[PDB]
């Protein structure tokens, strides 16, 4: 019987970022499978805290879900003092949608063609260059802060409300570089508007197999990545979480779905609701260490 009416997917960022891109794919698929609209509600604000506060409070009926992010589940606690919700108690896991490499890029007029170029360039100019942050506490933000710490470069963060506006500013050179999710960056690469230097992952991204990893390009042992989830309000019927998990997992593990995800710069996730929970718990732990090492904590 579920669902008999429209389902809402609350997305914590505006369109043109990776969250929204993934959500739309998922929404399209769910709508076709179940014969009801799965509609996106883009509710921006405070690195996803506004959307996560919202979905924590809604009826646990299976007509509202959160497209979760590393901020919401794991990293916002490293930069926000109080959040409005407790991710640990307020949600129940559904599925990890994807794992996503981050990409180090620079604005075209920055005369650097490699990670080592970038490090020398920035070392000559301490505290003059600016980097773009898609959201406070995002993996990009903390990835850049870690990069800073591992290389000794001093560059100043500019927060934006999502990937989309940060990337327009990166294209114009109002910031000089970013580390941010591949899928949102990729259209700007293909169009020539920004210059990619390296992926953040431990291995190269196969469809851009000739971009090096940051680790092999000069920063031994550097590795970061981002990921996205479906979460439900605490108390959501188990039959619903299991049906939803199964449907998403069949899309992600299908040949067709893997192709769609890899075409936009994302690796299909999949697995069980408890797999999501393990992943979240490990991410909490490991980014908490990153943040301490990078000098990042709530004001």
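Residue numbers count along the first chain shown, from 1.
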item: Higher-B stretch (mean Cα B-factor, as the entry records it), 262 to 270 or 29 to 37; value: 29 to 37
item: Stretch exceeding the other in mean C-alpha B-factor - 237 to 245, 52 to 60; value: 237 to 245
item: Out of 72, 88, 106, 166, highest CA B-factor residue; value: 88
item: Residue with highest C-alpha B-factor in the PDB entry, from 148, 176, 125, 77; value: 125
item: Chain thirds of CA B-factor: placement of residue 191; value: highest
item: Entry-reported Cα temperature factor of residue 132, expressed as the chain third it lands in; value: lowest
item: Entry-reported Cα temperature factor of residue 256, expressed as the chain third it lands in; value: highest
item: Entry-reported Cα temperature factor of residue 8, expressed as the chain third it lands in; value: middle
item: Residue 211 CA temperature factor, ranked by third within the chain; value: highest
